[PDB]
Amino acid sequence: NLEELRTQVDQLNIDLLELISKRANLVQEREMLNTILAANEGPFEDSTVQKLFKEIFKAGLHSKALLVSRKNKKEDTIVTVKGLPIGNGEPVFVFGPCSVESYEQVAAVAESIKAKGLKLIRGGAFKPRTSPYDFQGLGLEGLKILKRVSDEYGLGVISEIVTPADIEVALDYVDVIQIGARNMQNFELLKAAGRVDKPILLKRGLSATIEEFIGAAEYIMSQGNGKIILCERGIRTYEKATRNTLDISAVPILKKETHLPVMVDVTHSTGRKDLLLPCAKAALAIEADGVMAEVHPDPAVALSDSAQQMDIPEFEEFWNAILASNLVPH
C-alpha cells in the first residue's frame, strides 16, 4: 500500500497548510522554541525542529527604507551638471587627466573634450598616494586651474576632495565633488559632503561591499544632499593581470537597489590602456549612466598613472570607436 502512504502524506500536507494558515492569522519571542523543543519526541533533532519553526515564524512577515533605496523613492534621481542630466537614460562621458599638473596640460585635454562636443572634465588637485613621497597634488591651486579651464572651455569640473574642511572651499571651484575609493568610509568627509548643495561622485571602496557602498551613500543623503552619483571603479582581488577587477555586475545591482545614477571608471579598474575601449562598451551595454577615463597630453611624463592614461591621438581613436559602436546616441 505505497499509494495509501502517499495519500496520507498528501492529507498531512493539506493539514499543515491549514494549521500554518490558521496560526498565521491569529499571530497578527524565543518563548515558543523552548516549549516546542520540550515536546519533541523525534524523529528530527531539536536544531532541525528549531530551524523549521524559525522559517515558519519568518513567513509571518513600513517606511524604514534607506533614503537612497528605490523602496523610498521609486523614480530615478537625475543629477544635472553643466546642462547634462546624468541618470536620464543617455550616458555621459567624463575624460581628463589623473592629476592636475599645470594649466597648459589641463587646457590641452579640455580642448580635445570640447572639440568632441563633450561637457565634463575630471582632474585631481588632491591625489591620495600610497607613498607620501609621490606627487600629492597642487591642492587649492589645482582647483583654481580647473575653475579657469571650466570658465574658458565651458566644461563642468569633477575633482576629488580629501578632507571635510575642504568641502566648503571646493564649492567655489568645482561642479561635482568626488569622494575617492580610499575615503569611501571616511565618514566625517561623507557627512560634510551631505551638508552642502553640490553633486557628489562617490567612488566604491577598494574592497567595499555593495551594502557598504550603499551605506556610504546613505551617510551623505541623510544629511540632506540627495545629488549622489555612484561610481564603480573595480575591486581588489588576487588577479595580477589587472590593477583591480572591474565588477560590472555592480551596475545593475545598484540600479535596482538604489535610485542613484551609476557610472563606471574604466581606467582605475583595469589599469590597462588596452582594456579601456572593451570595458567602456560593456559599461554602456549594461546601461551605466556614464563612463570615466583618463586622458593626458603626455602620459609618459605624468606624475601619476603614466601607463594608464590615453594621450590625445589615442583619445581620438577611442572616441571614434565609441561613436562607431552604436551603443551611444552621440
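Residues carry their position along the shown sequence, with the first being 1.
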Chain break class for residue 28 to residue 29, judged by how many deposited residues have no coordinates: 10 or more
Between residue 39 and residue 40 - deposited residues without coordinates, as a size class: none
Higher-scoring stretch by recorded Cα B factor average, 145-153 or 71-79: 71-79
Higher-B stretch (mean Cα B-factor, as the entry records it), 113-121 or 209-217: 113-121
Deposited CA B-factor, highest of 305, 265, 289, 298: 305
Ranked against its chain, the third holding the CA B-factor of residue 87: middle
Modelled-residue ranking by C-alpha temperature factor, third containing residue 60: highest
Within-chain third of residue 261 by Cα B-factor, per the entry: lowest
CA B-factor placement of residue 43, once the chain's modelled residues are sorted into thirds: highest
Ranked C-alpha temperature factor of residue 168 among modelled chain residues, by third: highest
